[PDB]
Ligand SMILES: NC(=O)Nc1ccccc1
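Have a look below at one chain only, the form deposited without the named molecule, in structure tokens format.
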């Protein structure tokens, strides 16, 4: 349906948790005979005013998004947000687990699919604010989708960026410098993060050459990272990374947001790369 009744939603396990929310594996089972379809259900664990307003906005945002490369809204229950369920789980773990099967073509196919999802999102004036391979889902061997719009913001019609009051709670290594220094988030800070997803993809999310493992190697942690970045230090090309892919990462990592490519510019290049590979 679009409206699911709580009494029919049957708990199975936890898929994730963060902020003050959780996503659960449930079966929607109105017959009560275990033949119902599976769904992923988000709820809040905080009955406070601004977190509920946030959760409500999240629901409206995901409701109004329609992409093959964005996780599907199914409905709500009255409080809870119901979505399609992707058993394969997150791309980060998938990459670590299937490393030896997936060649550069596939890595490029995923890159392209994510870019496309983000181009669309940006066309809806939506900043995701937490793009990272741990937040991307595997629909199938050759199909991924973006997930967790828990921190996503809509840009007002008159402003192409958004300032946030409180500090971030996400791993610092995916943040654009202007986010680090000023809490400024834009579609162009999404592009920065996307560059770190490309890195993640072409390292297959290996922990030993992770963004974190690499910063700590390159020597308050947040301040230090900002300095590194301002001096022009950048993550080095993943092992056996095609150079053209590394170059795209470096463009995504341009100091100033206005000098980063758009998602609509990036996509054609990834497709050309995919086809040539």
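Residue numbers count along the first chain shown, from 1.
In what follows, reference is made to the form deposited with the named molecule bound, a form of this protein that is not presented.
- If you check the named molecule in the entry with it bound, you find a heavy atom from every one of 215, 218 and 234 within 4.5 Å.
- Segments offered: 207 to 215, 237 to 245, 46 to 54, 26 to 34. Contacting the named molecule in the entry with it bound at heavy atom distances within 4.5 Å is 207 to 215.
- With the partner omitted from this view, the residue of 196, 108, 127, 95 that lies near the named molecule in the entry with it bound is 196 [heavy atom within 4.5 Å].
- Although the partner is absent here, residue 251 sits far enough away that none of its heavy atoms falls within 4.5 Å of the named molecule in the entry with it bound.
- Within this chain, residue 192 lines the site of the named molecule in the entry with it bound, having a heavy atom no more than 4.5 Å away.
- Within this chain, residue 225 lines the site of the named molecule in the entry with it bound, having a heavy atom no more than 4.5 Å away.
- Not displayed here, the named molecule is kept clear of residue 59 by more than 4.5 Å at the level of heavy atoms in the entry with it bound.
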